[PDB]
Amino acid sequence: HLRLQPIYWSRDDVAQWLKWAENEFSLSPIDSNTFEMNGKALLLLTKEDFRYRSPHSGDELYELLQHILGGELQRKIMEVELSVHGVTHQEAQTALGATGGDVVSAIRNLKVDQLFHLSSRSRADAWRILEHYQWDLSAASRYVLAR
């Protein structure tokens, strides 16, 4: 199952990936309990976190995940989704494509879309309101609902 993108890996897939890596790269044994999480979580760990969890292999595992298996882009997709409620993997990926992988810009664009649908105001108004509220969508969304 590791052929799938890491964002879809289950916790069991993460454990299997570690077993595969230890075999493939002749790593020192990695305890199966080292990363008790799914692939989404794995993508959010920093290199320092990987080194802390695995002093012997953490940097290798991080590089493989982030810079070979597409973790870098998939982490950006997660950031976008976690920043804007109800965005799908596809929607986030598309938004990032539009900004050349710029997470801040993609998030702003999706916030404006979400606010725009909350009321009958123009897209230009939604942009002004969001910028006014320092891009706090929750605060902007409450103003719009209040009318």
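Note that residue numbering follows the sequence shown and begins at 1.
- Look at the C-alpha B-factors of 91 to 99 and of 113 to 121. On average they run higher in 113 to 121.
- Mean CA temperature factor is higher for 78 to 86 when stretches 59 to 67 and 78 to 86 are set side by side in the entry.
- Highest C-alpha temperature factor among 134, 10, 16, 23, as the PDB entry reports it: 134.
- Among the modelled residues of the chain, residue 46 sits in the lowest third by CA temperature factor in this PDB entry.
- Compared with the other modelled residues of the chain, the Cα B-factor recorded for residue 32 ranks in the highest third.
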